[PDB]
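Heads up, the chain below is alone and in the form described as "closed form" in its entry title; it's given as structure tokens.
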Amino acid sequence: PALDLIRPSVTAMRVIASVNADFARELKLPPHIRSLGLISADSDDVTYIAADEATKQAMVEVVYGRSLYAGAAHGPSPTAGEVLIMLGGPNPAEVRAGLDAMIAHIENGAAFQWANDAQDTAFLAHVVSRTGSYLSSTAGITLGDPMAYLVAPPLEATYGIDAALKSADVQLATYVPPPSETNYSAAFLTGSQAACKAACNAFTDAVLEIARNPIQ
């Protein structure tokens, strides 16, 4: 039913203890990063948040992060999900700690929710109370500060973003207009933590409203 959590899952994972020199150059890895952890999951935004959480729980940084066209439900294989994260580290131990943190946060952390009882529409309104290096890489987001991670289908997202910015003391840090590779739209809002929560609640109310009466 509406507001129930969609539980994402890790679909594939591997650790490259020592990345090949040639491939390392093509990947433009810093000198210190010669160990690489690969992970794929069926939910892109939840995974992006987990990767960022990983850069707080270990000596890792995101080397690569991209989502798939049309999402997991139209993926080329079960191992693909709709994302691939490559975490880089100085050694296999740090990489595994990072990956462990990613697994924990993909299975029991930030999660999309059903916008309706029909369960054909999904959205994400999540507060990252303390951003790590990854999310703070984005222009407008400072390392350690909080943020609201808002994701929804094109129209729900546009309406909801406007509705969030009017509900709390927050600023638009990054706006990803529709479509993303997955055909969703996304926004990263900044400000106080309590304010970000507020924004998330207003976002949710907007998406649910459209879910109930999509055409007024």
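Counting begins at 1, following the sequence as shown. Between two forms, the rigid core is the largest collection of C-alphas that superpose within 1.5 Å. Residues that one form lacks are left out of the comparison.
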### Message
Compared with other deposited entries of this protein, is residue 87 missing coordinates in at least a third of those that cover its neighbours?
### Response
no
### Message
Tell me whether residue 188 turns out to be unmodelled in at least a third of the other entries of this protein, restricted to those that model residues on both sides.
### Response
no
#### Entry: Of 56-64 and 26-34, the stretch whose C-alpha atoms average the higher B-factor in the entry
26-34
### Query
Mean C-alpha B-factor higher for 46-54, or for 178-186?
178-186
### Query
Which listed residue, 70, 165, 39, 157, has the largest C-alpha temperature factor in the record?
70
### Message
Among 139, 86, 104, 95, where is the Cα B factor highest in this entry?
### Response
139
### Task
Going by the recorded CA B-factors, say which third of the chain residue 115 sits in, lowest, middle or highest.
lowest
### Task
Could you look up the Cα B-factor of residue 77 in the entry and say which third of the chain it sits in: lowest, middle or highest?
highest
### Task
Rank-wise, by C-alpha B-factor, drop residue 91 into the lowest, middle or highest third of its chain.
lowest
### Query
According to the PDB entry, is the CA B factor of residue 148 in the bottom, middle or top third of its chain, that is, lowest, middle or highest?
middle
### Task
Sorting the chain's modelled residues by C-alpha B-factor, tell me whether residue 192 ends up in the lowest, middle or highest third.
highest
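Just so you know, the form described as "open form" in its entry title exists too; it's not on screen, but the next bit is about it.
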### Message
Please name the one residue from 129, 91, 142, 79 with a C-alpha displacement of 2 Å or more between the shown form and the other one, using the rigid core for the superposition.
### Response
79
### Message
Closer or farther: how do the Cα atoms of residue 8 and residue 77 compare in the other form versus the shown form, where the change is at least 3 Å?
### Response
closer
#### Entry: Sense of CA distance change between residue 80 and residue 155 in the other form, threshold 3 Å
closer
### Query
With the rigid core superposed, can you list, in sequence order, the 3+ residue stretches whose C-alpha atoms all shift 2 Å or more between the shown form and the other one?
70-82, 174-177, 181-183
